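Here is the structure we will look at, set down as structure tokens.
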Amino acid sequence: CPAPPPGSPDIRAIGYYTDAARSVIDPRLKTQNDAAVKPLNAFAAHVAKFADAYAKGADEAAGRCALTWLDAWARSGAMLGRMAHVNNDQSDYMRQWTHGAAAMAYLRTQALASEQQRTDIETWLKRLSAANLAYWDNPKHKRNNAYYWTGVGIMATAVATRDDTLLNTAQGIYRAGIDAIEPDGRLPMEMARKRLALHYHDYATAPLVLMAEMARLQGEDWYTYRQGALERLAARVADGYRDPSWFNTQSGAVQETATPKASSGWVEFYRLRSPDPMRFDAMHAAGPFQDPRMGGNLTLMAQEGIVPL
Ligand SMILES: [Cl-]
């Protein structure tokens with residue numbers, strides 16, 4: 001169990017797209033951001049690694065290692081300070097992603113927490129929930145996939161703390177994404193991403209499915225809300241990796257060629273809930289999928305449950 005990095009309260013990320021559709025990357029700005037947020041990505045990668053190792057069984061020390069990192073960042077007020085604004089809201093986006101990563105790890109390992117670990121971490125996760133939510137109170141921040149990624153951390157905090165208020169808030173974030181799906185299956189704000197339109201339909205589906213999957217831990221079936229709307233979106237993503245013809249036309253740009261990876265692992269869960277599971281076999285074959293921002297190994301979590309028991 002390596003030493004827990006410093007949990008600085010401040011974040012100074014750097015946005016790195018060159019165009020209005022945020023679809024072409026400035027490599028020098030990308031490298032600068034990668035270095036600037038390195039501690040935040042490192043924190044996410046490790047707590048998820050420890051949670052995965054805990055889930056393997058016969059390794060409670062790993063689960064305890066995750067809790068020590070979480071407790072350390074909680075006690076230092078990590079990410080609750082200044083969200084430095086350079087050329088966009090990338091610092092707030094990092095806090096959204098890192099809150100989700102931290103909350104998923106706590107949700108998976110909290111059985112091993114001590115009482116002060118429980119109180120320190122849960123108070124911190126709720127403070128992050130409140131801060132990330134306040135960001136979206138500004139109507140100028142359009143509620144695209146970043147809004148649904150915010151819901152990952154809200155929902156994981158809601159379930160881990162059994163907080164009915166936060167549960168209702170997270171349900172509203174999820175349902176806001178379901179409501180945004182058009183009859184043809186598109187998400188307009190993600191279709192505006194030109195060559196990354198398919199990638200961002202995939203990237204928007206991922207937190208919606210993970211939220212629904214966490215709702216199952218509370219016995220709830222969120223796939224019945226506007227039943228079939230999430231299926232149309234998920235099916236477009238799967239069809240898009242087979243043939244980008246539709247995304248090309250609807251987005252006005254030839255899609256960037258890429259295979260499913262990382263957060264695409266929502267399919268591991270969703271293929272178990274879809275009315276036509278075999279439609280997702282081609283995406284499933286690209287597994288296994290691992291993403292710290294979603295709790296770690298999505299392939300194993302889909303098979304064994306999010307919380308190891
Ligand atoms: Cl600054």
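Following the order of the structure tokens, first chain is A, next is B, and so on, with residues numbered from 1 inside each chain and ligands from 1 in the order they appear.
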Sorted by chain and rising residue number, which residues of chain A lie within 12 Å of ligand 1, and what are their closest atom pairs and distances in Å to one decimal, counting only C-alpha atoms and all ligand atoms, as a Markdown table?
| residue | atom | partner | partner_atom_place_in_ligand_line | distance |
| --- | --- | --- | --- | --- |
| A:10 | CA | ligand 1 | 1 (Cl) | 9.8 |
| A:11 | CA | ligand 1 | 1 (Cl) | 8.9 |
| A:12 | CA | ligand 1 | 1 (Cl) | 6.3 |
| A:13 | CA | ligand 1 | 1 (Cl) | 9.1 |
| A:14 | CA | ligand 1 | 1 (Cl) | 9.9 |
| A:36 | CA | ligand 1 | 1 (Cl) | 11.4 |
| A:82 | CA | ligand 1 | 1 (Cl) | 9.0 |
| A:83 | CA | ligand 1 | 1 (Cl) | 8.5 |
| A:84 | CA | ligand 1 | 1 (Cl) | 4.9 |
| A:85 | CA | ligand 1 | 1 (Cl) | 6.2 |
| A:86 | CA | ligand 1 | 1 (Cl) | 6.2 |
| A:87 | CA | ligand 1 | 1 (Cl) | 10.0 |
| A:88 | CA | ligand 1 | 1 (Cl) | 11.6 |
| A:89 | CA | ligand 1 | 1 (Cl) | 12.0 |
| A:91 | CA | ligand 1 | 1 (Cl) | 10.4 |
Query raised in the report: Any idea what's packed within 10 Å of region 210-212 of chain A, counting only C-alpha atoms, ignoring anything in its chain fewer than 4 positions away? Could you give it as number ranges by chain?
Result: A: 148-149, 151-156, 170-171, 173-175, 205-206, 216-217, 220-223, 263, 265-267, 269-270, 294-295, 298, 306
Any chance you can output those residues with N, CA and C atoms as a compact mmCIF listing (two decimals), in the first residue's frame?
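Dumped to out33.txt:
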# COMPACT_ATOMS: atom_id res chain seq x y z
N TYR A 148 -24.06 14.20 -16.57
CA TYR A 148 -24.36 12.83 -16.17
C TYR A 148 -23.18 12.23 -15.42
N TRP A 149 -21.94 12.59 -15.79
CA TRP A 149 -20.77 12.16 -15.03
C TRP A 149 -20.80 12.71 -13.61
N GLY A 151 -23.38 12.91 -11.92
CA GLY A 151 -24.30 12.02 -11.24
C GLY A 151 -23.66 10.74 -10.73
N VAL A 152 -22.55 10.31 -11.33
CA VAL A 152 -21.84 9.13 -10.82
C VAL A 152 -21.45 9.35 -9.36
N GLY A 153 -20.76 10.46 -9.09
CA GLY A 153 -20.34 10.75 -7.73
C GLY A 153 -21.50 11.01 -6.79
N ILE A 154 -22.55 11.68 -7.29
CA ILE A 154 -23.72 11.94 -6.46
C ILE A 154 -24.40 10.63 -6.08
N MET A 155 -24.57 9.74 -7.06
CA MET A 155 -25.27 8.48 -6.84
C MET A 155 -24.48 7.54 -5.94
N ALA A 156 -23.17 7.40 -6.20
CA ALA A 156 -22.35 6.55 -5.34
C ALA A 156 -22.33 7.07 -3.91
N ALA A 170 -29.73 12.32 -7.54
CA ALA A 170 -29.07 11.52 -8.57
C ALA A 170 -30.08 10.96 -9.56
N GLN A 171 -31.25 10.52 -9.08
CA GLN A 171 -32.29 10.08 -10.00
C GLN A 171 -32.67 11.18 -10.98
N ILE A 173 -30.73 13.59 -12.09
CA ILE A 173 -29.65 13.74 -13.07
C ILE A 173 -29.75 12.65 -14.13
N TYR A 174 -29.94 11.40 -13.70
CA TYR A 174 -30.12 10.29 -14.63
C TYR A 174 -31.30 10.54 -15.55
N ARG A 175 -32.45 10.88 -14.98
CA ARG A 175 -33.65 11.06 -15.80
C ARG A 175 -33.52 12.26 -16.73
N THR A 205 -23.54 7.61 -22.52
CA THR A 205 -24.24 6.42 -22.06
C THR A 205 -23.59 5.84 -20.81
N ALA A 206 -22.26 5.90 -20.73
CA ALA A 206 -21.55 5.25 -19.64
C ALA A 206 -22.03 5.67 -18.26
N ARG A 216 -29.76 -0.43 -8.73
CA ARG A 216 -30.13 -1.82 -8.44
C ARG A 216 -29.70 -2.21 -7.04
N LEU A 217 -28.62 -1.61 -6.53
CA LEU A 217 -28.20 -1.90 -5.16
C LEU A 217 -29.27 -1.51 -4.15
N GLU A 220 -33.98 -0.87 -7.07
CA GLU A 220 -34.75 -0.10 -8.04
C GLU A 220 -34.31 -0.41 -9.47
N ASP A 221 -35.28 -0.40 -10.39
CA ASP A 221 -35.04 -0.68 -11.80
C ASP A 221 -35.27 0.60 -12.59
N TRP A 222 -34.22 1.41 -12.72
CA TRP A 222 -34.36 2.69 -13.40
C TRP A 222 -34.50 2.53 -14.91
N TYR A 223 -34.25 1.34 -15.45
CA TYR A 223 -34.46 1.13 -16.88
C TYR A 223 -35.93 1.17 -17.26
N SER A 263 -14.44 3.43 -20.47
CA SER A 263 -15.81 3.72 -20.07
C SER A 263 -16.85 3.08 -20.99
N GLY A 265 -17.14 0.18 -21.21
CA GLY A 265 -17.52 -0.99 -20.45
C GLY A 265 -18.87 -0.93 -19.77
N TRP A 266 -19.63 0.16 -19.94
CA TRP A 266 -21.03 0.15 -19.53
C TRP A 266 -21.78 -0.99 -20.20
N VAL A 267 -21.32 -1.41 -21.38
CA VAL A 267 -21.97 -2.49 -22.11
C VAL A 267 -21.96 -3.78 -21.29
N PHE A 269 -22.46 -4.17 -18.14
CA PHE A 269 -23.70 -4.15 -17.37
C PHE A 269 -24.92 -4.20 -18.28
N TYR A 270 -24.96 -3.32 -19.28
CA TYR A 270 -26.20 -3.12 -20.01
C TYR A 270 -26.60 -4.33 -20.85
N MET A 294 -15.14 4.86 -13.11
CA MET A 294 -16.38 4.11 -12.98
C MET A 294 -16.28 3.00 -11.93
N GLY A 295 -15.22 2.99 -11.13
CA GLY A 295 -15.06 2.01 -10.07
C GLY A 295 -14.05 0.92 -10.33
N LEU A 298 -15.02 -2.98 -15.00
CA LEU A 298 -16.44 -3.05 -15.33
C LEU A 298 -16.85 -4.45 -15.74
N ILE A 306 -21.23 -4.82 -8.03
CA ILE A 306 -20.37 -3.66 -7.80
C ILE A 306 -19.71 -3.73 -6.43
Report task. Please run DSSP on the backbone and report, as a PyMOL selection string, all residues within region 33-173 of chain A that come out as alpha helix (DSSP H). Result -> chain A and resi 33-36+38-55+60-75+90-109+115-137+145-161+164-173
Report task. Would you mind telling me which residue in A:139, A:100, A:6, A:15 lies nearest to residue 296 (chain A) when using only C-alpha atoms? Result ->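 Nearest candidate to residue 296 (chain A) out of A:139, A:100, A:6, A:15: A:100.
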Rows by chain and residue number, region 139-216 of chain A within 12 Å of region 108-119 of chain A, shortest pair, only C-alpha atoms, as a tab-separated table:
residue	atom	partner	partner_atom	distance
A:156	CA	A:108	CA	9.4
A:157	CA	A:108	CA	11.1
A:159	CA	A:108	CA	10.6
A:160	CA	A:110	CA	7.6
A:161	CA	A:118	CA	9.1
A:214	CA	A:108	CA	11.0
Suppose we keep C-alpha atoms; can you now write the selection as a PDB file, in the first residue's frame?
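Written out: part-v1.pdb:
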ATOM      1  CA  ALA A 156     -22.347   6.552  -5.345  1.00  0.00           C
ATOM      2  CA  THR A 157     -22.357   8.951  -2.386  1.00  0.00           C
ATOM      3  CA  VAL A 159     -25.982   4.754  -2.069  1.00  0.00           C
ATOM      4  CA  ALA A 160     -22.913   4.451   0.168  1.00  0.00           C
ATOM      5  CA  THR A 161     -24.423   6.834   2.737  1.00  0.00           C
ATOM      6  CA  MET A 214     -26.094   1.528  -8.661  1.00  0.00           C
TER       7      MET A 214
END
Report task. Show which residues sit within 9 Å of residue 41 (chain A), as a ChimeraX atom specification. Count only C-alpha atoms, and ignore same-chain residues fewer than 2 positions away. Result -> /A:34,37-39,43-46,94,98,292-293
Based on the selection just made, write C-alpha atoms of those residues as a PDB file, in the first residue's frame.
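Below is the file part25.pdb, written as the result:
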ATOM      1  CA  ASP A  34      -2.053  15.600 -18.313  1.00  0.00           C
ATOM      2  CA  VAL A  37      -3.984  16.821 -13.245  1.00  0.00           C
ATOM      3  CA  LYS A  38      -1.520  13.943 -12.748  1.00  0.00           C
ATOM      4  CA  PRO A  39      -2.210  13.689  -8.971  1.00  0.00           C
ATOM      5  CA  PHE A  43      -5.563   9.079  -7.040  1.00  0.00           C
ATOM      6  CA  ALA A  44      -8.408   7.670  -9.149  1.00  0.00           C
ATOM      7  CA  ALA A  45      -6.254   4.923 -10.667  1.00  0.00           C
ATOM      8  CA  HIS A  46      -5.057   3.683  -7.280  1.00  0.00           C
ATOM      9  CA  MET A  94     -11.766  16.991 -13.016  1.00  0.00           C
ATOM     10  CA  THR A  98     -12.452  12.448  -9.360  1.00  0.00           C
ATOM     11  CA  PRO A 292     -11.078   4.078 -12.552  1.00  0.00           C
ATOM     12  CA  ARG A 293     -13.688   6.824 -12.943  1.00  0.00           C
TER      13      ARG A 293
END
Query raised in the report: So which residues touch residue 52 (chain A) within 9 Å, counting only C-alpha atoms, skipping near sequence neighbours fewer than 2 positions away, as a PyMOL selection string?
Result: chain A and resi 47-50+54-56+62-63+105+108+295-297+300-301
**Report entry** Residue with smallest distance to residue 247 (chain A) - pool A:304, A:179, A:120, A:202, counting only C-alpha atoms
**Finding:**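 Once distances to residue 247 (chain A) are computed over only C-alpha atoms, the minimum belongs to A:202.
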Sort by chain and increasing residue number a table of all residues of region 239-273 of chain A within 12 Å of region 16-28 of chain A, each with its closest pair of atoms and their distance in Å to one decimal, counting only C-alpha atoms, and write it as a tab-separated table.
residue	atom	partner	partner_atom	distance
A:251	CA	A:21	CA	10.5
A:252	CA	A:21	CA	11.4
A:253	CA	A:23	CA	10.4
A:254	CA	A:23	CA	11.7
A:255	CA	A:23	CA	10.3
A:256	CA	A:23	CA	9.6
